[PDB]
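The chain below stands alone and is given as structure tokens, in the form deposited in one PDB entry.
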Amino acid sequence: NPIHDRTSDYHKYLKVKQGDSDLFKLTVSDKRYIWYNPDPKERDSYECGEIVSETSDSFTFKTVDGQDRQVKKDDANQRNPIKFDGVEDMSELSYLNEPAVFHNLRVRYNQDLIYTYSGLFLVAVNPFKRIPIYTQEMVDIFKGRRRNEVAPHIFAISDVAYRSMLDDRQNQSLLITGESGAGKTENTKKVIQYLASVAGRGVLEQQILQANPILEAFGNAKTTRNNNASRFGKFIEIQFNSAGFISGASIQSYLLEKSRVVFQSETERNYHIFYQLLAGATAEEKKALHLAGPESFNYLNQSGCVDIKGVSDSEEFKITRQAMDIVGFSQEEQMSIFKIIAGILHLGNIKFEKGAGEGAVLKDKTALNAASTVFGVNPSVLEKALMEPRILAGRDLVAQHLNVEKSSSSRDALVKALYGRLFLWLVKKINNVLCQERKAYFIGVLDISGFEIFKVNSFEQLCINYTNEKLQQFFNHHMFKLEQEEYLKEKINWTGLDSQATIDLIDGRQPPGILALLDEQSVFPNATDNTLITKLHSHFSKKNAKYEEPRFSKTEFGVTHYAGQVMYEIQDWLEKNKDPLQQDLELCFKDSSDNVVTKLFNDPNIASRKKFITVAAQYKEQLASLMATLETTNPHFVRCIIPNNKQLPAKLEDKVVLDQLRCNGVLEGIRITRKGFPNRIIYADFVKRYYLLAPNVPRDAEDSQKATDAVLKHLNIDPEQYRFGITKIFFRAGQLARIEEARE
């Protein structure tokens, strides 16, 4: 049994290596240390100082290069005794200050132990290298094991959720969030791998597993932070019958980055599918789709990057086509998907020219025709809908001759609409195959970004930060409910409203919040960026404590989020909220001869947001349905963390890491925890380690509570620092570290 065989891969890769002995005496030391900042302007870079003496309210310590500093006891970050280095749950630490939390993570990360609990959270730090802990053999170890019987792992939280589903008869959710490159999608895939194995058996399992490469081909791209970045969020429901076997699955997607189709920043790529197609198509597909190399398409030849190191786009095309076969897209469906992809690239090569007054005409029709052929549309109808759309102006419908720039924007809008709708069609198609109208239970997995705070923040950042306000509020309420249950159950008296202001500033109706004011401006076609930002300042500047009008910028505003202030710029929000596409372009493509393209334009479930609503209103409603579903589940929270910004292994950077722990709720959770009784230990466990600290207890004394009390009395510990629970002693912060340091 690998859990008990210390030579196994389980022990080597997931545990701190255990020596011949764990006796208290091995770890005895008279040194006491403090974590301190060598430079006080760097709040989260620490070094270890040896305390050399103390007064009533201060410590004096030696810094690393020999200099005496002093610190008030009340301000000190004491270092946990060495036995605590490597513990599997931060809730086991006696000193719970920030550098002590970072130290335990780093100790573990130094041994390639990338998973560590913190109370309710599983903290997962990307190793940026392969560690072989996700094999079938590794799956089998976690089957049926309680959290406290096996090491931290995404498989163990997956098993606890599965058993809770079966035992409590309650749907479950796993919320997996964090920065780009942190590992969320890979962990999401491991949860699905795990459930398919413990609960599967089959062709349905295979289809559920193959849904993923399809959506990654279409919704992931190389960015500067991740070679395989997800540019859409997702919520996957894995469905079960009441006997606990997988019966189905459903996928909801969110915030697909449609703008990447038409523009990529330097060294970034477009969506993988465009390179796959070009690399992987047969000679006969290339000629039928009129394809050349990526250097021949404006939508793929601007960033300077068409290749990803270690990735073969033609081998990935094969993988994507195999996935499609297995889910059951027909050969004709697949061809039409590739026709849409090829036609977008052809659209992007249309070059608009001035032909007189502007004008915009097409002198070479080759790209127009190629696009028209592949989409099944009339090129003369496409041409006019692009450059001379008929516009309603009062009661008159008149063709307006657009100039080159508006013609080019309209073409871009068409491309983004084709891409967005195709993606939604793909999701619906996969759902039609996988989804069970009659599931008994589900485990839902959310894989989305945590808070996004960039150098520039725009409408999509406000959306995902609004989502993360809700999810952090949900976690807070959950944490409050479970802590009070724990204290109740052990009979111990100790005794997200916070998030509501920010949420109301964003989504309030009366008085109107930011999205309501955005939506109001959206019915006025001549409203501008300036009219919108002015309205926002008029309502909130100096009037709402979570908002800030900048000192100087005229296009930005600040929101105080859970994770700190975010500055947003409002350029183009009015356009983003309406997502406009000329009606003559809808009309052109509504009459397509292609059986996929017609759906993108004639099925109102795909072609339109529902009835009339804006993009913000739809985002608010989809978030409220998501929250409604999560509130019916027993949730589990996974916080993925990136160790540095360079995609390098073995380089865990304190400032990068701690900033994420502050943003994602981990440090706040600990700060709240550490105030009550954070260490709660099964009496027999306590006795088993500490019996030699007192006379006449019996390492296995049958009366565990009494023997615990014997040691506490013998050491004369202040009774205010502990509480006897029905099954555990509860300790205030620091107390257990002082017991660990007592004399044998």
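Throughout, rigid core stands for the largest set of C-alpha atoms superposing within 1.5 Å between the two forms. Start at 1 with the first residue shown and count on from there.
The next section is about a form of this same protein that is not shown, the form deposited in another entry.
Residue showing a CA shift of 2 Å or more between this form and the one not shown (rigid core superposed; candidates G558, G328, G420, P635): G558. With the core held fixed, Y487 shows a CA shift of 2 Å or greater between this form and the one not shown.
Relative to the superposed core, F142 shifts its CA atom by less than 2 Å between this form and the one not shown. After superposition on the rigid core, displacement of the C-alpha of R674 between this form and the one not shown amounts to 2 Å or more. Contraction of the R32-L26 CA spacing by 3 Å or more is recorded in the other form, set against this form. Closer approach of the C-alpha atoms of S449 and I344, by 3 angstroms or more, is seen in the other form than in the present form.
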